[PDB]
Amino acid sequence: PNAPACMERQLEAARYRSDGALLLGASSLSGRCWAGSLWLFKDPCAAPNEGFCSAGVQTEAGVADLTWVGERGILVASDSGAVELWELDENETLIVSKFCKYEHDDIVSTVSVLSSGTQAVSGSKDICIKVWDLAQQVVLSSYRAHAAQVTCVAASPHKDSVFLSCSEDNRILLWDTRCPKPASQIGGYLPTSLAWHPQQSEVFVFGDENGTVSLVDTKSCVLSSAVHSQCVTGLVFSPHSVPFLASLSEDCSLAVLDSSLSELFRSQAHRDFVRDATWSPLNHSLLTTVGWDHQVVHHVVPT
Amino acid sequence: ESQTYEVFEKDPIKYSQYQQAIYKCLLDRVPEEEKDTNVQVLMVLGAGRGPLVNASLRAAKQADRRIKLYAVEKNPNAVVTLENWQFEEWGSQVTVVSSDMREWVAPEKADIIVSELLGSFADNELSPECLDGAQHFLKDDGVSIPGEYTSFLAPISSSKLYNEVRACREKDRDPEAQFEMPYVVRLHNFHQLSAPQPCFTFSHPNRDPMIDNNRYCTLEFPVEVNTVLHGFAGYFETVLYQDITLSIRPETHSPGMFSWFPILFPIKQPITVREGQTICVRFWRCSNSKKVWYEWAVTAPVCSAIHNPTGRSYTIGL
Amino acid sequence: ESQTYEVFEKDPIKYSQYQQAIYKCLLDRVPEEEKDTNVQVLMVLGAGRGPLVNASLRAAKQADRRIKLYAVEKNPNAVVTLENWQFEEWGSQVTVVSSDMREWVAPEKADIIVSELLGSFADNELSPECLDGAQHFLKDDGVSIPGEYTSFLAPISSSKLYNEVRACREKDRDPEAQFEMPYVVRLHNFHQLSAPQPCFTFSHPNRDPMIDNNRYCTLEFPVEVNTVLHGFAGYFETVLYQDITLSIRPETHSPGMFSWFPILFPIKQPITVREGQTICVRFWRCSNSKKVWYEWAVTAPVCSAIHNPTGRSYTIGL
Amino acid sequence: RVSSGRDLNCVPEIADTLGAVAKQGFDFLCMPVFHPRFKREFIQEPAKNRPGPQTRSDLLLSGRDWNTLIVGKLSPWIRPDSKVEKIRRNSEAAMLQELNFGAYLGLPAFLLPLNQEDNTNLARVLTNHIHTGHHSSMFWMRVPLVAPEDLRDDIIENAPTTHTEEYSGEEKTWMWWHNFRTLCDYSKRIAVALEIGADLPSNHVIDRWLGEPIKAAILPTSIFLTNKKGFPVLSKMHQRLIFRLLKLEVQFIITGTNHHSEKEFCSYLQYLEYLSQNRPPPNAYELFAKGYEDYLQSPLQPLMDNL
Ligand SMILES: N=C(N)Nc1ncc(CN2C(=O)c3ccccc3[C@H]2C(=O)NCc2ccc(F)cc2)s1
Ligand SMILES: N=C(N)Nc1ncc(CN2C(=O)c3ccccc3[C@H]2C(=O)NCc2ccc(F)cc2)s1
Ligand SMILES: CSC[C@H]1O[C@@H](n2cnc3c(N)ncnc32)[C@H](O)[C@@H]1O
Ligand SMILES: CSC[C@H]1O[C@@H](n2cnc3c(N)ncnc32)[C@H](O)[C@@H]1O
């Protein structure tokens, strides 16, 4: 289908867009060639079959993290040290490379698009955090705030200048580019994943390496719960008015939590590391997970 | 290491004999009328980087018979090579197993087991113990390749080699530890005092109740010259199947093959030997639950000390 | 040896605690209404010359409950004593088993298992590994005596003991091997620099999935005097059942008992320690399929070398 | 003239990568043996029973290539001194695995990081590996002149950078090394790969590393200034350091992406060559002495012996 013959084993990311087309990033973390790829599925249930895909393309290096840039654009965090942007064509069959800027000196692990949609922030193992402009295709600012590998960065949903970041130095920095000193350290176990609350601009949740999922207000006093037995890889809120939090981990499980971090759902479907989750925008009760076991499981969340 | 497997693979004569050995066994077990009905279950026990696996494929193709391959290998570094080969080349016909053959719980019994667990003294790699442990998942009418192997000994005189061993004294161990351990060596400046005689033999599959791999052999070597005994050169022969064999015994040495060099069992003190006298050597194969080792002693024309008692100087790890 | 078991048996305080420990457990498991209906299956794992067997008989009589005894013992020399006792005294109530507990295939599951596999550092006899291997033939609601044990460490200053260890240098081994191995010793001319702290703990039956007996402990000892660190004194506590315990920790030392002396973990070089500074020691429990061993290193106030890496100087045989 | 290599943490095709690196004029390549992000479980099911190959095949390069041109790197996720017991145990098994594979390939050197104070368990595992087998592979400990914490940008509002002169505190990265090599008991297989920062520390901090086994000197691309022509150069401060390092005869490694995108990547190396040629040449003393650097010989006794 005008795409690579075969995709890689380790599925790293999975995102839905407005209409409900399932994006897929995948990396080869084993074997001869260590490269990555990007795929599109207008049929979610056809995944991860290469013969039944709308779009697909082979990247130079592995895909660490990606996210939607609206509808067409796809921003990538590459192992090469480049932040890559790809854009779907008008037919939405091909995926042409927009830019590919080698700026990070080490693997780009995390990336997130800001409110405006013309900017994005990336995090790398080189310890830097860079602010990009997607129009001019240049780095606006470069910040060596952390003292270790930057694990996760998360743009504030409704604020362009604000974003979170967390690192192995055991810091959770809340940023604000308007200030002279933008970073602000929020006061045991290392932070791994971040997730802003959708309906509240002052709230966020973070998962640690020990498996504890926490609930933090920017003002104050925190709530938490021991969800997973291992590192929390990612946290994604549902599109509901009263949102449910889906938590993934390296313990090969999925858990859907309520407002007070109480366990609603449990799914030991995956046999390998659960890497990403994405709620179906059409049907809010559906949730699609992807893992290194090369499954694309669709869960029916009891709502 | 990688380059240790590399040099093993750089001997085409050995594997051609393995290829031919399996080839013949396939034709014997599977008739012409049951060509595409019967699929033989082969199991390479100690696959390494998979020369025997390749050979087993070639053997099946020239024979034109169906085979199902396993590739058991305990070394996890080699398993990486096997799986990369398996993914690219072999496919689902070869099932790479990353385990010890003594431990591995088989999901299927084998018609043939193929192994390459032999050293310069045949059984100094503990091929007996390994294949005994892997004997359960062989069929009751199953074949082993090799099916048999024997070790040979011959007394030598080498004031060079004696003086070489002598210089292997190391700090922080017995002053005469070096004399109580075998060495792999291309014997060159030496004198073979008598013709090689068989020492230890092993047959697989072993059917003897309470299979004991401990042994005690007495050999008498008629010497026809004055000389000074400095040690015993060790060789081996192995029957792969029937008439297909490998050997490093000088008189029946496989031509071209350069896989195994001879082994040397030194002695602490040189022993005078007059023409007409007989050199009498004794060799034990000893073991416990942890180790296997050899002991040896000369008894004629004069007595030597028993070498390597309780494997104090040299053991082979199980 | 016989006289090694003799001196073990010459401590009545230990076995009285074992007697009391079993006594209590019998009353808990078996109620009054099921006095002569239920017969508890006891299994002494490591019976020796059978003091625990005797104690188990006494405990059953004072409790007035029915018991069925096994007496597992691997040492065949001791088994001779057990069987002579069993024939003359005990009878068919005690079933003497001459086997390793890790191997022995049980014909019946036990309600209680009793063991005496503890040393001066608790787990330096590999009580964890043995009781883990004997865990299968325990009932799902079965008890172990002891149920728990912990080891303690405390830094000491002894220019005597340091100089004593120093003089244990032997021919044909590492010049500093003596410093990389523990010693059982009645500590007398020494100075305990800080209060003992717990190092390693073990609970039986172990229910933790994939039971790993490897450990890594960091301890920080607040020192309040100038001194010179020469080693670490080792003690242990063990919970037999509930409130019944044995201990050689000075502050909670069982009164009268003289079964275990303290253990000593030396260091190659003495370390200066100023008043106010903290001695920071690290202790590993390491193992493979053959051996178990300890490693240790001081990290504050100055670093020492890691002692006994890969059990080069000292191992405990499985 | 100068021996130099290339540090990469991304290799999509091992054969192609070398070709590029070799064409640029580098002698060896520092690269991962397992994919940096390929995190592996060893205890908990079902992730421990992950199928398929764990990494690349050794066949992709020749034995001689592995032995002379490749330098291994410990994966970044391997943290043997983690507070979490699970991550510790996993990192132990993973570290052993990678080191063992390094020995299997027969690599001449292998990089392990010193990026924090407590590297005790790291040392304990490495020491165990050293005392297993008879490999002679070197181990280069990646340790910075200035700790990451001490060179971070002062851009955190409620956590300003230490503006105080801490004489002992500025020598912390040496104490990291000192403790590690003491624990390992001065193994001759363990050496230093000194990573040079953008801002060099005080002079005493640099003098600290005199008489230490420095085999490598890692140079990020970010520390390079740009001249009027528009090509990479270094400061007069860094020039004096490189001049000192050339006397020790260390192997300069280049790490990081090409910030000078206009020019080739050779330019960096060419500058080190430029420096190599532009030094004070060896006098009669240093000409003849070249060979006997730190070579122990017994004092002559012309009285007792006959010369
Ligand atoms: N082949 C298996 N499965 N097992 C085996 N066990 C033992 C084997 C035989 N050898 C050794 O015991 C040995 C020890 C050190 C060095 C080399 C060897 C090896 C050996 O004798 N090789 C001969 C050789 C050496 C160098 C050379 F350029 C060409 C040929 S083969
Ligand atoms: N009791 C089990 N089942 N196991 C055990 N493992 C270890 C144990 C403790 N001991 C030793 O490790 C040891 C070593 C050498 C000599 C003696 C001992 C013994 C010990 O410390 N005994 C004290 C003692 C010594 C002499 C004396 F006249 C009176 C009391 S007890
Ligand atoms: C090709 S050299 C022999 C091979 O057999 C392997 N081997 C030896 N003993 C065993 C065993 N018990 N189980 C599995 N592989 C083994 C060795 O690791 C080596 O790669
Ligand atoms: C009374 S001292 C402890 C006793 O336990 C025995 N013992 C130790 N380990 C085992 C084992 N694995 N199986 C059986 N007996 C054991 C020892 O031989 C000793 O007599």
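Whatever order the structure lists ligands and atoms in, that order sets their numbers, starting from 1. Labels below follow one simple rule: chain letters A, B, ... track the order of the sequence lines, proteins then strands, and each chain is numbered from 1.
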- request: Determine the sole option in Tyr183(C), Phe283(C), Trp293(C) for which the ring pair (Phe, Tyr, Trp, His ring centres under 6.0 Å) test with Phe265(C) is passed.
  value: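 Testing each of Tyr183(C), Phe283(C), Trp293(C) against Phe265(C), the sole residue satisfying ring pair (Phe, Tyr, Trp, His ring centres under 6.0 Å) is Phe283(C).
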
Mark the output for [X] as yes if a heavy-atom distance to ligand 4 is under 4.0 Å, and as no if none is.
X: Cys130(C); value: yes
X: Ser99(C); value: yes
X: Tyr5(C); value: yes

task: Return yes when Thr4(B) approaches ligand 1 closer than 4.0 angstrom through a heavy atom, no otherwise.
output: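 No heavy atom of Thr4(B) comes that close to ligand 1.
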
Just jot down the ligand 1 atoms closer than 4.0 angstrom to any heavy atom of [X], in number order.
X: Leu118(B); answer: 2 (C), 4 (N), 5 (C), 6 (N)
X: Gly119(B); answer: 6 (N), 7 (C)
X: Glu125(B); answer: 2 (C), 3 (N), 4 (N), 5 (C), 6 (N), 7 (C)

- request: Please lay out, stage by stage, how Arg64(D) and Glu6(B) fare under the test salt bridge (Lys or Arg N to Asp or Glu O under 4.0 Å).
  value: CA-CA 12 Å; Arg64(D) 180 166 175 66; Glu6(B) 187 185 299; over 6 Å; no

query: Within 45° of the six-membered ring axis of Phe152(B) and under 6.0 Å from that ring's centre, is NZ or CZ of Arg249(B) located there?
result: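 Judged by the rule (NZ or CZ under 6.0 Å from the ring centre, within 45° of its axis), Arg249(B) counts as positioned above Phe152(B).
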
task: Flag the pair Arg285(C) and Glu129(C) as a salt bridge only when some basic side-chain nitrogen lies within less than 4.0 angstrom of an acidic carboxylate oxygen.
output: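 Salt bridge between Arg285(C) and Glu129(C), a charged N being under 4.0 Å from a carboxylate O: yes.
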
Side chain to side chain contact (heavy atoms under 4.5 Å, CB included) partners of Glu103(C), counting only residues at least two apart: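 With sequence neighbours excluded, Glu103(C) shows a side chain to side chain contact (heavy atoms under 4.5 Å, CB included) to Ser99(C), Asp100(C), given in chain and number order.
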
field: Test of proximity, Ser259(C) against ligand 2: N or O pairs below 3.5 Å
entry: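 Indeed, backbone or side chain, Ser259(C) has an N or O that close.
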
query: How about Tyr18(B) and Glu116(B): does a side-chain donor come under 3.5 Å of a side-chain acceptor?
result: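 Distance-only check fails for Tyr18(B) and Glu116(B).
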
message: Going by the rule ring pair (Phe, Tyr, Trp, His ring centres under 6.0 Å), which residues pair with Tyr235(B) if we only count those two or more places apart in sequence or in a different chain?
response: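 Ring pair (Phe, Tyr, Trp, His ring centres under 6.0 Å) check on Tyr235(B) returns nothing, list empty.
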
Pick whichever of [options] has a heavy atom sitting closest to [atom].
atom: atom 30 (C) of ligand 2; options: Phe121(C), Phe258(C), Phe8(C); result: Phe258(C)
atom: atom 16 (C) of ligand 4; options: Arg102(C), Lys74(C), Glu125(C); result: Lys74(C)
atom: atom 31 (S) of ligand 2; options: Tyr5(C), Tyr183(C), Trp260(C), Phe261(C); result: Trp260(C)

message: Taking the ring of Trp260(C) and the ring of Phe236(C), is the distance between their centroids below 6.0 Å?
response: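 Judged by ring-centre distance (under 6.0 Å), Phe236(C) and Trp260(C) do meet the cut-off.
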
- request: Heavy-atom distances under 4.0 Å are what count here, so tell me which part of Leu45(C) touches ligand 4: side chain, backbone, both or neither.
  value: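 Within the 4.0 Å criterion, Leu45(C) makes no contact with ligand 4.
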
- prompt: Just how far is it from atom CE of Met101(C) to atom CG of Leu131(C), taken to the nearest 0.5 Å?
  reply: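 Between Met101(C) CE and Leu131(C) CG, I get 6.0 Å after rounding to 0.5 Å.
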
query: Between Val72(C) and ligand 4, is there a nitrogen or oxygen pair with a distance under 3.5 Å?
result: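 No, since none of the N or O atoms of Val72(C) sits under 3.5 Å from an N or O of ligand 4.
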
